[PDB]
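The structure appears right after this line, and notes come after that.
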Amino acid sequence: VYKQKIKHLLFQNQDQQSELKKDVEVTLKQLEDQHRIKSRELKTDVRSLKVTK
Amino acid sequence: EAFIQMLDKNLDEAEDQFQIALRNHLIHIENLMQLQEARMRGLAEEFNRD
Amino acid sequence: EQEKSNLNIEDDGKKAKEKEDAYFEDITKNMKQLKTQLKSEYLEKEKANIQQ
Amino acid sequence: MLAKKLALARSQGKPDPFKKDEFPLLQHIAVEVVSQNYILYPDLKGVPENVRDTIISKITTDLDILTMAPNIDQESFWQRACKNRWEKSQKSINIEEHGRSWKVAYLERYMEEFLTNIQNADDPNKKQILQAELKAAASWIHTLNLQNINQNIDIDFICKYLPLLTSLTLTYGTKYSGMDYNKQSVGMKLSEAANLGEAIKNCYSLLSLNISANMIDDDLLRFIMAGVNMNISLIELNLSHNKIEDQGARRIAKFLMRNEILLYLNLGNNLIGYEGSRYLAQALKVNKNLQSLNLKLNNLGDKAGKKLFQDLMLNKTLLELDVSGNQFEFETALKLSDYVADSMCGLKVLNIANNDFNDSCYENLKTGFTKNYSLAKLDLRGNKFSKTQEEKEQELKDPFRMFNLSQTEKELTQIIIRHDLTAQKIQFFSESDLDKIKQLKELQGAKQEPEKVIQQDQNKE
Amino acid sequence: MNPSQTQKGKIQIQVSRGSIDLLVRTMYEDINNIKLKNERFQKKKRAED
Amino acid sequence: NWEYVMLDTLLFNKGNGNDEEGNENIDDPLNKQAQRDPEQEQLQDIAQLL
Amino acid sequence: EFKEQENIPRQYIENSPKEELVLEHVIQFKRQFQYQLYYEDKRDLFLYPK
């Protein structure tokens, strides 16, 4: 029973670990989205003002 | 010999725990590989769109 | 073991996010130099055209 | 409440503190009241939809499903509820995974919670609530994710009130396999498997079935297939993480030859052996709909794999083949190489790793793949191909470097790499090609170095 | 009229092709051999018992 | 007397274009590590020029 | 009649992302200017014509 609860309760450990990894992934994905949106607005600025140059 | 059957069948259950822990760990690895490949595809899409 | 794995995940994610922030800031500052090489140089080039 | 303040201000003879620009309207009061008591007007009849949306987006993020689903159409409220109930929950919410809508995501997540934690899932009151919820979200729930089914939940009854179900994934087991170690409490029992089969038979909108991790045996597979036979919408079947034997394989072959809609078949991690895969290939001989099949973790064997491939030569509809975990060897490599090299070999993605292919497998497989131009992705890592001492030292230095493909596996994969690149108009840049390009750039720099010095030496006179 | 000037795009498509080929192999050689070991040992113990 | 609607980058990005006379002493550079203004950097980032 | 044109250039049809960003920023600047000069006579600084 105790060995099982260890294998489980590794259920809890796994679940919290997966929570942390998925939170990390979402934070990184949204940070990348913000950075890439900034970069695309910037590349629009480039394509737009180099035309005047 | 029933006690030996115990070391056989109870150890069968213990090794079933072993193999199911390995099975679940393989599930963990295969799910982690999918998420890492999702990260890789995001980075590639970044590359290609740039 | 759970705390070790949790802190490993948290610190790996912090490393990942800091790496991505450095990525974004570096490329953004590179283009910012280039873009400063668009407007200011546009005015200086107009000056140069007039003088030429 | 402002009336009390007005009366107090006017009763003291002081200048009116109520400047006329500070009075909220009866519309304000009514909107706030309805926002705080949305259950009073779940449909918000008789009120402008501006007030309706203001109220629904001001609602708390923890409304009851029965009133939020059919009465709230606001994705803002639905996503806010999803987050607040699961924002810091161990399970994140991704918009991409629910048809790009948060309302259906919340509905299906709440259904998943209800079924997974349904204590005595056959309670009469719980059945009443379940029927109400199913009617509320029927046109709005299509798939469910239930994990470690701790009780015999009526799969058929659940399907009977969700007409738009398309994907079903059942994993019977102990969500809490802690203080109590029970083998029968984990995985679907006889009644659970029969109920799943009845649900499959009585459900017409389902397309994907994933009953893996249930330790599904031949009896469970047959019970499910009893109702599956009358179903006409299943396109994908997955039975991994189970114990389905060659009798289940024969039953699946019969279902396949009698059926013409299945496209994805996952039979991996099962006890399918030589004659089980022989039945699989016999069914495939006449089968013309199955597209992706996986038998990884099975025990087919070399002869089983070769019977499968010899029937596959005529079974030309195969596109994805994951034959890993069955420990193929030389003659299997010969036959798979012949099948792939066959100009009619329709397989596009092949996972033949986990096998026992050897150097003698090298020549046959390489020839077959070089003659084949259809395969797109392949899996051959971990094979016993002869590896150089360099690779041996790399693996020794990095235990994770045992994952590294041998050089021979490298060229074998790269052959299909050129195949795909030629097929889809892209140049193949080999290891030698890239090294030569780098060396050429370095030599170009070296040759350009002295020209600048020579030019600079001509301006000192 | 530089052909390189005209097909900078085709130069960079090849560059991206090389980078993608690098990444694919880099991840492939790291993906899966422990799964092979585990499946083969599962079959080993199946036969043993 | 007069105010400007828009926020531009020219005034703050033309400051470094003073490297014109450079033909002379290469004196020790590490002593030029003046503190970059965190307030100015944060203002630049937050008020990103329209 | 230019609007009646069957093939009017898109430049006369819609506001791009950056163009709408600048439009909103200038609108906010106008709002702030009116906020700070409630009393001064409103002078139509005709910045956004159709």
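In the structure tokens, the first chain shown is A, the next is B, and so on; residue numbers restart at 1 for each chain, and ligands run from 1 in the order shown.
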With 7 Å as the cut-off and only C-alpha atoms counted, what is the closest atom pair between each nearby residue of chain A and chain D? Distances in Å to one decimal, ordered by chain and number, as a Markdown table.
```
| residue | atom | partner | partner_atom | distance |
| --- | --- | --- | --- | --- |
| A:1 | CA | D:181 | CA | 5.7 |
| A:2 | CA | D:179 | CA | 6.9 |
| A:4 | CA | D:178 | CA | 5.6 |
| A:5 | CA | D:178 | CA | 3.6 |
| A:8 | CA | D:178 | CA | 5.2 |
| A:9 | CA | D:178 | CA | 6.7 |
| A:15 | CA | D:90 | CA | 6.5 |
| A:16 | CA | D:90 | CA | 6.4 |
| A:18 | CA | D:90 | CA | 6.9 |
| A:19 | CA | D:90 | CA | 4.2 |
| A:22 | CA | D:92 | CA | 6.9 |
```
Pull the closest atom pair for each residue of chain B that gets at most 12 Å from chain D, along with the distance in Å to one decimal, counting only C-alpha atoms, ordering rows by chain and then ascending residue number, as CSV.
```
residue,atom,partner,partner_atom,distance
B:13,CA,D:183,CA,9.2
B:14,CA,D:181,CA,11.2
B:16,CA,D:183,CA,10.0
B:17,CA,D:181,CA,10.2
B:19,CA,D:241,CA,11.6
B:20,CA,D:241,CA,9.6
B:22,CA,D:241,CA,11.8
B:23,CA,D:241,CA,8.0
B:24,CA,D:241,CA,9.4
B:26,CA,D:241,CA,10.8
B:27,CA,D:241,CA,9.5
```
Report task. Enumerate as an NGL selection string the residues belonging to chain E that approach chain D to within 10 Å, with only C-alpha atoms taken into account. Result -> :E and (13-15 or 17-19 or 21-22 or 25-40 or 42-43 or 46-47)
Keeping only C-alpha atoms, take the residues you just selected and write them out as a short mmCIF file (atom, residue, chain, number, x, y, z; two decimals), in the first residue's frame.
```cif
data_model
loop_
_atom_site.label_atom_id
_atom_site.label_comp_id
_atom_site.auth_asym_id
_atom_site.auth_seq_id
_atom_site.Cartn_x
_atom_site.Cartn_y
_atom_site.Cartn_z
CA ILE E 13 15.72 29.69 -48.58
CA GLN E 14 18.73 27.39 -48.93
CA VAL E 15 20.19 28.83 -45.72
CA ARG E 17 16.89 24.62 -45.43
CA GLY E 18 20.34 23.97 -43.99
CA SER E 19 19.32 25.30 -40.58
CA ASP E 21 18.22 20.08 -41.55
CA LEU E 22 20.61 20.84 -38.69
CA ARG E 25 18.99 15.81 -36.89
CA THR E 26 19.99 17.54 -33.63
CA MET E 27 16.61 16.68 -32.11
CA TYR E 28 16.39 13.26 -33.79
CA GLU E 29 19.64 12.00 -32.27
CA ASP E 30 18.31 13.05 -28.85
CA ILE E 31 14.67 11.93 -29.13
CA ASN E 32 14.33 8.22 -28.45
CA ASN E 33 16.52 5.33 -27.38
CA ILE E 34 15.31 4.99 -23.79
CA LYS E 35 11.89 4.14 -25.22
CA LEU E 36 13.56 1.41 -27.27
CA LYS E 37 15.28 0.08 -24.16
CA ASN E 38 12.05 0.17 -22.15
CA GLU E 39 9.92 -1.55 -24.80
CA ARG E 40 12.57 -4.21 -25.39
CA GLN E 42 9.10 -5.03 -21.40
CA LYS E 43 9.12 -7.76 -24.05
CA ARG E 46 7.06 -10.76 -20.81
CA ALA E 47 9.02 -13.68 -22.25
#
```
Query raised in the report: Within 12 Å of residue 47 in chain A, counting only C-alpha atoms, which residues qualify if same-chain residues fewer than 5 places away don't, as a VMD selection string?
Result: (chain A and resid 40 to 42 52 to 53) or (chain C and resid 35 38) or (chain G and resid 18)
Report summary line: Restricting to only C-alpha atoms, whichever of F:23, F:3, F:48, F:28 is closest to chain C is F:48
Query raised in the report: Where does DSSP see helix (DSSP H, G or I) in chain F, if you list the residues as an NGL selection string?
Result: :F and (10-13 or 38-46)
Could you write those residues out with C-alpha atoms, as a CSV table (one decimal), in the first residue's frame?
```csv
chain,number,residue,atom,x,y,z
F,10,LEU,CA,15.2,62.1,-34.1
F,11,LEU,CA,16.1,64.3,-31.2
F,12,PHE,CA,17.2,61.5,-28.9
F,13,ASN,CA,18.7,59.4,-31.7
F,38,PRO,CA,17.2,53.0,-15.9
F,39,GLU,CA,14.5,55.7,-15.6
F,40,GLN,CA,15.2,56.9,-19.1
F,41,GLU,CA,15.3,53.4,-20.5
F,42,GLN,CA,12.0,52.5,-18.9
F,43,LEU,CA,10.4,55.7,-20.1
F,44,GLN,CA,11.6,55.0,-23.7
F,45,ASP,CA,10.2,51.4,-23.5
F,46,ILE,CA,6.9,52.3,-21.9
```
Report task. Please measure the separation of CA of residue 154 in chain D and CA of residue 190 in chain D, giving the value in Å to one decimal. Result -> 12.6 Å
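Using only C-alpha atoms, the shortest contact distance between chain E and any of B:43, B:38, B:4, B:33 is found at B:33.
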Requested in this report: Identify, on the basis of only C-alpha atoms, every residue whose closest approach to range 36-39 of chain A does not exceed 9 Å; exclude the query and any residue fewer than 5 positions from it along the same chain; express the result as a PyMOL selection string.
Outcome: (chain A and resi 31+44) or (chain B and resi 46) or (chain C and resi 24+27-28)
Query raised in the report: Which residue out of G:1, G:47, G:9, G:21 has the minimum interatomic distance to chain A when only C-alpha atoms are used?
Result: G:21
**Report entry** Non-local contacts of residue 22 in chain G (9 Å; only C-alpha atoms; under 4 positions in same chain excluded) as number ranges by chain
**Finding:** F: 6, 50; G: 17-18, 26-27
Grab the residues selected above and save them as an mmCIF file, in the first residue's frame with N, CA, C and O atoms.
```
data_model
loop_
_atom_site.group_PDB
_atom_site.id
_atom_site.type_symbol
_atom_site.label_atom_id
_atom_site.label_comp_id
_atom_site.auth_asym_id
_atom_site.auth_seq_id
_atom_site.Cartn_x
_atom_site.Cartn_y
_atom_site.Cartn_z
ATOM 1 N N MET F 6 2.838 64.836 -31.645
ATOM 2 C CA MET F 6 3.460 63.531 -31.790
ATOM 3 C C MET F 6 4.799 63.467 -31.069
ATOM 4 O O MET F 6 5.439 64.486 -30.796
ATOM 5 N N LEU F 50 5.001 56.777 -30.975
ATOM 6 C CA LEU F 50 4.003 56.473 -31.993
ATOM 7 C C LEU F 50 4.612 56.831 -33.339
ATOM 8 O O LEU F 50 4.537 57.980 -33.782
ATOM 9 N N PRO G 17 -2.758 48.735 -39.571
ATOM 10 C CA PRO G 17 -2.504 48.648 -38.122
ATOM 11 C C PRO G 17 -1.725 49.832 -37.580
ATOM 12 O O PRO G 17 -2.164 50.466 -36.613
ATOM 13 N N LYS G 18 -0.573 50.152 -38.177
ATOM 14 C CA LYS G 18 0.212 51.291 -37.710
ATOM 15 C C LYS G 18 -0.539 52.602 -37.902
ATOM 16 O O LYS G 18 -0.475 53.493 -37.046
ATOM 17 N N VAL G 26 -3.087 59.995 -31.715
ATOM 18 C CA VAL G 26 -3.387 61.402 -31.960
ATOM 19 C C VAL G 26 -4.746 61.770 -31.376
ATOM 20 O O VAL G 26 -4.941 62.883 -30.879
ATOM 21 N N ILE G 27 -5.711 60.849 -31.435
ATOM 22 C CA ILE G 27 -7.012 61.103 -30.824
ATOM 23 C C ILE G 27 -6.864 61.270 -29.319
ATOM 24 O O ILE G 27 -7.483 62.151 -28.712
#
```
Query raised in the report: Taking only C-alpha atoms into account, which of G:36, G:2, G:19, G:10 comes nearest residue 48 in chain G?
Result: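 Using only C-alpha atoms, residue 48 in chain G sits closest to G:19.
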Report task. Write out as a PyMOL selection string the residues lying within 12 Å of residue 41 in chain C, counting only C-alpha atoms and excluding same-chain residues fewer than 2 positions away. Result -> (chain A and resi 49-50+52-53) or (chain C and resi 33-39+43-49) or (chain F and resi 10+13-14+17)
Requested in this report: Would you return as a list in words the members of range 10-259 of chain D that DSSP assigns to strand (DSSP E or B) on this structure's backbone?
Outcome: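 Matching residues, listed in order: residues 143, 144, 145, 146, 147, 148, 149, 167, 168, 169, 170, 171, 172, 208, 209, 210, 236, 237 and 238 of chain D.
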